[PDB]
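Sequence order for the protein chains is E and B.
For what it's worth, the authors' numbering labels the leading residue of the first sequence as 102, then goes sequentially.
For what it's worth, the authors' numbering labels the leading residue of the second sequence as 352, then goes sequentially.
Ideal Cβ placement from N, Cα and C applies to all residues, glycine included.
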Amino acid sequence: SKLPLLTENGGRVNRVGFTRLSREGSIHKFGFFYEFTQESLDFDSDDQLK
Amino acid sequence: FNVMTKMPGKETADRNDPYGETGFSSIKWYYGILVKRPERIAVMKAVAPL
Numbered sequence: 102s103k104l105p106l107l108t109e110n111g112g113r114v115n116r117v118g119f120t121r122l123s124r125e126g127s128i129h130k131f132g133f134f135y136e137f138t139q140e141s142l143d144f145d146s147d148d149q150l151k
Numbered sequence: 352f353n354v355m356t357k358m359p360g361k362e363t364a365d366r367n368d369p370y371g372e373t374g375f376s377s378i379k380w381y382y383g384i385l386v387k388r389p390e391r392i393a394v395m396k397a398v399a400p401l
């Protein structure tokens with residue numbers, strides 16, 4: 102049914118148009134930490150806690 | 352006589368016929384007359400038999 106079919110009287114028939122889309126992507130920030138006291142690394146059982 | 356031919360091909364394409372199938376051939380010409388002595392032209396009208 103939809104086949105492009107021409108005749109001898111070639112004219113404004115079978116017009117086609119094209120489309121252009123787009124794809125996005127963002128950037129997000131993360132992070133975490135932890136706190137310690139000098140009284141937790143000075144007199145503590147382990148020497149290499151840090 | 353002026354004869355202008357445009358054979359079907361690249362020379363007949365347009366936004367109306369993008370495929371370029373129909374050509375043509377046109378003959379145009381000028382003609383005139385200057386009757387200087389109409390006294391010398393003579394006509395005669397009569398009917399004719401079947």
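Original post:
Mind checking if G371/B is an interface residue toward chain E, Cβ cutoff 8 Å exclusive?
Top reply: Here residue 371/B refers to the residue found at position 20 of the second sequence. So, interface residue.
Subject >> Sequence-distant residues of its chain with Cβ nearer than 7 Å to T363/B (five each side left out) >> reply: Position 12 of the second sequence, counting from 1, holds the residue named residue 363/B. Result list for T363/B: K357, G371, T373, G374, in chain order.
Original post:
What residue does the beta strand (DSSP E) around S123/E start on, and which one ends it?
Top reply: Residue mapping note: residue 123/E aligns to position 22 of the first sequence, counting from 1. Segment: none, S123/E is in no beta strand (DSSP E) and carries neither H nor E.
Subject >> DSSP three-state assignment for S146/E, whether helix, strand or coil >> reply: Taking the first residue of the first sequence as position 1, residue 146/E is located at position 45. Three-state DSSP puts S146/E in coil, outside helix and strand.
Subject >> Within chain B, the residues that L107/E reaches when beta carbons sit closer than 8 Å >> reply: Start at 1 with the first residue of the first sequence, and residue 107/E comes out as number 6. Those are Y370, listed as they occur along chain B.
Original post:
Whose C-alpha, out of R124/E, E109/E, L142/E, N115/E, is nearest the C-alpha of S102/E?
Top reply: Taking the first sequence and counting its residues from 1, one reaches residue 102/E at position 1. Looking at the Cα atoms, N115/E is the closest of the given residues.
**OP:** Consider the Cβ of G118/E: report whether some Cβ of chain B lies at a distance smaller than 8 Å.
**Re:** Along the first sequence, one-based indexing puts residue 118/E at 17. It does not: the Cβ of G118/E has no partner Cβ on chain B nearer than 8 Å.
Subject >> Where the beta strand (DSSP E) containing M355/B begins and where it ends >> reply: Within the second sequence, numbered from 1, the residue matching residue 355/B stands at position 4. Run containing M355/B: 353-357, per the beta strand (DSSP E) assignment.
Original post:
In chain B, which residues lie with their C-beta within 9 Å of the C-beta of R113/E?
Top reply: As a position in the first sequence, residue 113/E is number 12, starting the count at 1. In chain order: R366, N367, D368, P369.
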